[PDB]
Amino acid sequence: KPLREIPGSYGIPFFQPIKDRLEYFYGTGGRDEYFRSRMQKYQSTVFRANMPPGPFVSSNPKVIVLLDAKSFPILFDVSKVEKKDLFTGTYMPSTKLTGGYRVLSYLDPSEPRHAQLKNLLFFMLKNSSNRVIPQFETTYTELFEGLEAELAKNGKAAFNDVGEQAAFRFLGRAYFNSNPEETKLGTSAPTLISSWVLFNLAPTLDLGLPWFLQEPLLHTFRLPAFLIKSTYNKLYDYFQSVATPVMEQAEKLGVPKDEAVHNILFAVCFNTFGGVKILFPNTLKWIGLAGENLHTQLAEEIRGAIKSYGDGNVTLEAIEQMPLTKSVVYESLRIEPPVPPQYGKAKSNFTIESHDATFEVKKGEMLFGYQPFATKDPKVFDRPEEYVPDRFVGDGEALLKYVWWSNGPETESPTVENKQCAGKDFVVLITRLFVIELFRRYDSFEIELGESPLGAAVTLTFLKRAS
């Protein structure tokens, strides 16, 4: 792995980053092709490039792109990369969109608030551990029934929307033992959230609209924050009134209730809901396309495990007896990371290596990793583009080191020192719970795919119940 200069060019200072983003958003093949073509052009998995949003929302679009399993890990090393205000890349949404505060996700570990706020969330998680499984069953059973009816009535049932409502209803129940639907919020939370998220991420979001529409009004200037305050406040009122026990733990940690509510709202709506809104449909899709053989093997493992080690109910002890289910969730997180982009700013001069070279990174340079390419490295995973259910079973566990959906090796856990997802254990558990409730109720099912900015819109067409 001989030392080499990083290939790639940032081009003319204002012209290039705009041209590059047009390619990124409208070029044939999408952002995937954007990265694959440069890879081919430079015969390298590491190269220089501009990234959106460009020219007005961002004052520095320059980055070093990482696409292989060997160089990517640098993004985890907080001793070498700073993780300040780069949660969303080369720009940061306005803090007016977050109560005037810089919430946890944007804080570098060297910031006192990072440890405080993260500990606050660890509290919120731990403090709900006994509601997770019970509330999940209740919430998702509701969802499934609803889907069965809709299906029985129209032959087809869209999953996304109603799944989002379930996700949010589930979170209020688990996190705060509250049903958001039994409040002013009704079933509109998924809509209020998406709306608020649009304002934050518009600069880098592809809504599938014509460039002559997206460029002038989504990709050049930040959207006026005052327009979304009405919406934001509705969410704020909910959390402020139902997160009392967490808000108090905050003050004990040294954080005012105000700043607590804003951070809580963010973690639940942005971090959690945002990730689940994507993770679940994707998991449902991969499973659905796996075939009947897998459906039977899963239904079989899960039911037997529940009955033999759960005594009729779902319990941690039982989940531990479902090796295929565990692998199935891990494969879904590997093949299609819910949140693909991770950034890191070099705190000093150091070197990194890809599979065939070494590169010098100079202090201040922005490192960027497109996870989907990194976790599909053929030199790590055989048949990387295929969904292999038992990939992580038995000896497969030796690879968990490479599943990076949480912005860290799956084998590691979030700490106040690192920037790994604070709810890592929670999402893996609730995802396993999703698969579980799915195969207790059904033996098999079929789906059809649509198109959207979430990747794939899933629609259920058949539901063979257990009975």
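Residue numbers here begin at 1 and follow the sequence given.
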| property | result |
| --- | --- |
| Selected stretch [higher average CA B-factor]: 370-378 or 180-188 | 180-188 |
| Between 193-201 and 304-312 (mean CA B-factor, as deposited), the higher | 304-312 |
| Top residue by Cα temperature factor, when 131, 222, 84, 113 are compared in the entry | 131 |
| Maximum C-alpha temperature factor, selected from 206, 336, 365, 237 | 237 |
| Modelled-residue ranking by C-alpha temperature factor, third containing residue 105 | lowest |
| Residue 25, C-alpha B-factor rank within chain (lowest, middle or highest third) | lowest |
| Residue 450, C-alpha B-factor rank within chain (lowest, middle or highest third) | highest |
| Entry-reported Cα temperature factor of residue 71, expressed as the chain third it lands in | lowest |
| Assigned third (lowest, middle, highest) for the C-alpha B factor of residue 432 | middle |
